[PDB]
Amino acid sequence: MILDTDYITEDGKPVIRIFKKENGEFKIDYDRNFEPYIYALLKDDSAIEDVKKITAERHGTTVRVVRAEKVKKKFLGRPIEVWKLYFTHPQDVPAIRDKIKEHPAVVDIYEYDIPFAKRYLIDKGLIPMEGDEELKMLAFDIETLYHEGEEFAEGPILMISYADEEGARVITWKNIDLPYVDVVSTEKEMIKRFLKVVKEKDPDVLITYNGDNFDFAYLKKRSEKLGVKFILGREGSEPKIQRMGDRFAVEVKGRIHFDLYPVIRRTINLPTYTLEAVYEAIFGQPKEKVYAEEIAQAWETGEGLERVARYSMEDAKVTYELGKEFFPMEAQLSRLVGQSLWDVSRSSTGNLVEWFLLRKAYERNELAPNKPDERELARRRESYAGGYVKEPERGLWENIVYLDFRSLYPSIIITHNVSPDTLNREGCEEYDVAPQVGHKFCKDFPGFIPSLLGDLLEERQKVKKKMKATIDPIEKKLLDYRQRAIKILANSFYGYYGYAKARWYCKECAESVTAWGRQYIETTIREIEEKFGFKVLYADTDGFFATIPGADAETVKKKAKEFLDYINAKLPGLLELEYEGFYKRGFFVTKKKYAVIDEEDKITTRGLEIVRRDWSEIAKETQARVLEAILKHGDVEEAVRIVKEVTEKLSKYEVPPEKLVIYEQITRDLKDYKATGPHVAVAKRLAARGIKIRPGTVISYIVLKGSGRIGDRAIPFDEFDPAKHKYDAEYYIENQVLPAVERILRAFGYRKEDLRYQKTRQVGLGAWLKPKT
């Protein structure tokens with residue numbers, strides 16, 4: 001299968017490179033005959049003779065149009081005739097571009113900024129990674145000594161750990177005796193060793209968590225100092241530190257640097273993307289806890305090195321796991337969009353759609369619109385949105401069903417043939433009118449995107465069909481991923497329409513789709529209420545929760561499914577409402593905030609869980625415990641009593657201190673946080689330890705009863721000595737526990753003052769509450 005493509009330049013001529021792995025064998029194919037080009041729409045063909053002579057300079061070398069060829073294409077649903085202008089090197093384009101475009105007979109140019117190595121995949125009709133070649137992967141992580149106040153990588157790498165199917169290990173130059181640890185003499189031999197292992201294992205994939213903006217840059221700066229040639233690429237080249245947004249991204253020629261960060265930060269979303277938090281959100285299991293202080297302690301004390309070496313092998317093992325978890329999925333997106341996994345991996349969904357349309361545009365001979373110039377980019381102001389939102393019936397309800405539309409937006413885009421090339425077409429004989437903004441979309445001819453989406457959804461339904469009939473759980477999961485990639489892509493079109501950098505950008509389309517969305521959801525809610533006696537408890541954009549007051553659970557389910565048949569028979573085209581599931585109870589705080597429980601006693605919440613970077617078990621637990629009382633036991637009063645007891649136990653120091661440990665990923669040097677807060681004290685505590693914690697790291701501390709502002713005295717959990725150190729109950733009550741439960745109970749008529757008894761050392765200072773939460 002094709003892994004990736006690039007090109008090198010020999011004597012000013014581009015040579016495309018195709019990295020492959022066929023029959024478990026690596027190989028690099030070359031192509032010296034691919035010519036870069038652009039299209040030019042002229043007012044009159046006679047101007048081509050002028051165009052064919054346009055010239056530009058490039059490092060003293062004269063750049064010229066190598067050849068012209070008039071071709072017929074489709075653009076904006078109307079046939080168009082433009083000239084395909086060829087050149088020698090992709091980099092000549094930018095230099096000759098502006099001049100050609102400046103010619104009076106040139107209406108304008110197109111497809112003049114599509115990267116050569118991608119243009120190649122699209123044009124040559126190649127698809128990265130088809131088949132199921134077993135790819136060998138490898139993850140790694142490093143541990144470093146922070147030297148606050150100095151240039152990047154001023155301190156040394158103490159450990160380099162990695163993991164794969166053959167287990168995990170740790171290479172280090174510190175004094176350690178563990179079966180999985182390799183002790184070398186120096187940071188230098190450590191790194192070289194690490195480089196010998198990789199080249200040894202010859203993995204096709206290198207897995208890391210945020211390796212794009214740290215690990216590779218660190219390994220590079222250290223190897224630069226220690227005079228080590230940081231070679232990892234099958235090519236023999238060092239990693240390439242290409243920059244993207246305000247970030248960077250590393251690429252290893254011949255292999256695939258799969259950085260889990262961009263990917264995971266794309267799939268799910270939750271507060272703090274610490275590898276710790278992330279890991280658990282994906283496996284519903286705890287990862288071995290972090291001890292940034294103990295690690296830094298091991299560096300200076302030398303005591304605890306065994307435990308620390310164990311933490312690194314853990315980090316690598318976990319990382320390889322997250323990688324063996326997300327790579328399959330990403331592989332499918334890559335195959336679907338038609339670009340490298342390296343690219344698809346670090347791409348916004350808006351750009352994912354873009355490369356898909358470009359590939360389709362080629363296959364269907366559709367000219368691609370250009371990207372918006374700088375001023376146009378200004379003109380494309382968002383601020384517009386608006387899905388149907390119904391203020392919830394607060395309180396506790398039972399026998400609830402969740403019903404939602406099947407791919408609401410795509411379905412709308414398809415059935416109403418919504419796209420730029422169908423918008424307000426002159427002399428249109430058949431058209432649908434957008435509910436709001438009243439744009440007219442022609443139906444005399446299927447639109448470019450609508451047609452594409454339509455095929456996509458049909459391909460999804462088809463793969464699902466084979467998935468369910470496939471008995472082998474192996475190919476089943478494969479088809480499963482294929483089916484999910486399509487979902488992810490199709491769900492990205494609505495967005496793409498209003499995406500500023502979009503070639504096929506179209507505000508009218510986005511607005512109309514949103515407008516149709518509201519109408520359908522509104523139409524469906526009227527029916528279920530007037531014709532079926534349902535009570536819609538909550539609704540948002542493409543789905544709603546409903547019940548039948550006083551009705552049996554079987555009745556509600558049976559009635560809801562009878563409603564589906566009824567309604568789907570009235571909805572136009574692809575618009576369809578589905579039974580998402582059943583819930584015994586659920587309650588709605590307010591729009592976007594709710595909790596429900598299925599017949600498996602599983603609680604799904606929304607807009608209720610944790611918020612910031614500083615959480616604790618005591619908070620996690622108490623909230624969970626509150627949701628259980630209300631939804632499992634169905635007793636709002638047991639929940640309030642639970643908060644009050646936890647409050648009591650905290651004021652009587654009867655709460656175990658390890659449930660009070662606060663974990664926080666620092667975003668700056670502790671030494672430099674606001675004067676108020678525990679950070680400064682912790683910093684000074686660690687500094688006495690001679691420790692310096694690198695921002696981004698996860699700190700573990702406890703707030704104690706001090707002699708100043710509450711929450712201002714805190715120490716790392718390490719130094720917590722029960723006999724000499726007592727925690728600030730007021731801080732855990734007001735800053736942690738209560739804010740993690742105050743909104744939920746407020747929804748049930750309970751004011752803050754009701755969650756803590758009258759005489760409970762109350763300090764009447766709800767100032768400790770999490771700021772602007």
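What's counted below: heavy atoms across the whole structure, side chains too, no hydrogens, waters or symmetry copies. Note that the numbering runs from 1 along the sequence shown for the chain.
- Between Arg641 and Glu638 there is no salt bridge, since none of the side-chain N atoms of the basic residue sits less than 4.0 Å from a carboxylate O of the acidic one.
- Closest non-hydrogen pair, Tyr731 versus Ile710, comes out as CB-CG2, 4.0 Å.
- Between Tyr279 and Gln285, the side chains place no donor N or O within less than 3.5 Å of an acceptor N or O (distance only, hydrogens not considered).
- Atom CZ of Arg743 has more than 12 heavy atoms from other residues, nucleotides or ligands within 6.0 Å.
- In this structure, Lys229 pairs ionically with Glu238, as a charged nitrogen and a carboxylate oxygen lie closer than 4.0 Å.
- Between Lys192 and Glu189 there is a salt bridge, since at least one side-chain N of the basic residue sits less than 4.0 Å from a carboxylate O of the acidic one.
- Counting heavy atoms of neighbouring residues, nucleotides and ligands inside a 6.0 Å radius, atom NZ of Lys220 does not exceed 12 of them.
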Exercise. Would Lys620 and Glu617 satisfy salt bridge (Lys or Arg N to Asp or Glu O under 4.0 Å), going step by step from the backbone distance to the final call?
Worked result: CA-CA 5 Å; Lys620 294 288 187 173; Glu617 318 293 52; over 6 Å; no
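- Nearest heavy-atom pair across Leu270 and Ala277 is CD1-O, 4.5 Å.
- In this structure, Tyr701 has its ring center at least 6.0 angstrom away from the ring center of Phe717.
- Checked by atom type, the side-chain pair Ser345/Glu330 shows no donor-acceptor distance below 3.5 Å.
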N/O donor-acceptor pairs under 3.5 Å from side chains in residues 679-692, not counting sequence neighbours:
| from | atom 1 | to | atom 2 | distance (Å) |
| --- | --- | --- | --- | --- |
| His679 | NE2 | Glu664 | OE1 | 2.8 |
| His679 | NE2 | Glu664 | OE2 | 3.1 |
| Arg685 | NE | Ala681 | O | 2.9 |
| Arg685 | NH1 | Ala714 | O | 3.0 |
| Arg685 | NH2 | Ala681 | O | 2.8 |

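- Salt bridge absent: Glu148 and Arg694 never bring a charged side-chain N and a carboxylate O closer than 4.0 Å.
- Results of the salt bridge (charged side-chain N to carboxylate O under 4.0 Å, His left out) test with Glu734 over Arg761, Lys752, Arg756 single out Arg756 as the only residue that passes.
- Cation-pi geometry between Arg169 and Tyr162 is not met at under 6.0 angstrom from the ring centre and within 45 degrees of the axis.
- Side-chain rings of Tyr218 and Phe152 approach one another, their centers coming within less than 6.0 Å.
- The two residues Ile733 and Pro739 make their nearest non-hydrogen contact at O-CD, 3.9 Å.
- By the 6.0 Å and 45° rule, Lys726 stacks over the aromatic ring of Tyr653.
- Inter-residue side-chain proximity for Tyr261 and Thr208 is flagged as unmet; no heavy-atom pair is nearer than 4.5 Å.
- We find that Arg193 and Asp182 are joined by a salt bridge, their nearest charged nitrogen and carboxylate oxygen being less than 4.0 Å apart.
- The two atoms that bring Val170 and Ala309 nearest to each other are CG2-O, 3.5 Å, heavy atoms only.
- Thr144 places no side-chain N or O within 3.5 Å of a backbone atom of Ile157 that could act as its donor or acceptor partner.
- Using a 4.0 Å cut-off between charged nitrogen and carboxylate oxygen, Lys287 and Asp315 count as a salt-bridge pair.
- To the nearest 0.5 Å, atom CG of residue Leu135 and atom CZ of residue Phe327 are 5.0 Å apart.
- Taking CD1 of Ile160 as the start and CE of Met190 as the end, the distance is 4.5 Å to the nearest 0.5 Å.
- In this model, no donor atom of one side chain and acceptor atom of the other lie less than 3.5 Å apart for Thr605 and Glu609.
- Close placement of the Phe216 and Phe140 rings is indicated, their centers lying within 6.0 Å of each other.
- Checked for salt-bridge contact, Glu314 and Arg310 miss the test: no charged N lies under 4.0 Å from a carboxylate O.
- Ion pair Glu621/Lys659 flagged as a salt bridge, since at least one NZ, NE, NH1 or NH2 atom sits closer than 4.0 Å to an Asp/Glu carboxylate oxygen.
- Between atom OH of residue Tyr750 and atom CZ of residue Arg746 there is a gap of 15.0 Å, rounded to the nearest 0.5 Å.
- Around atom CZ of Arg265, no more than 12 heavy atoms belonging to other residues, nucleotides or ligands sit under 6.0 Å away.
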With a cut-off of 3.5 Å and sequence neighbours excluded, list every side-chain donor-acceptor pair involving residues 288-295.
| from | atom 1 | to | atom 2 | distance (Å) |
| --- | --- | --- | --- | --- |
| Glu293 | OE2 | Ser700 | N | 2.8 |
| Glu294 | OE1 | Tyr311 | OH | 3.2 |

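- Looking only at side-chain heavy atoms (C-beta outward), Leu206 and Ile256 stay at 4.5 Å or farther from each other.
- In terms of heavy-atom proximity, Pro156 sits nearest to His147 at CD-CE1, 4.3 Å.
- Atom-to-atom distance recorded for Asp728:CG and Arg713:CZ is 10.0 Å, nearest 0.5 angstrom.
- In terms of heavy-atom proximity, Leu178 sits nearest to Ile176 at CG-CG2, 3.7 Å.
- In the model, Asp343 has no side-chain atom that pairs as donor or acceptor with a side-chain atom of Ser347 under 3.5 Å.
- Taken to the nearest 0.5 Å, the OG atom of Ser334 stands 6.0 Å off from the CE atom of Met129.
- Residue pairs that meet the salt bridge (charged side-chain N to carboxylate O under 4.0 Å, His left out) test with at least one member in residues 202-215, sequence neighbours left out, are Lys21-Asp204, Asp202-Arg234, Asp202-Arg255, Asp204-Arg234, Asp212-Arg346.
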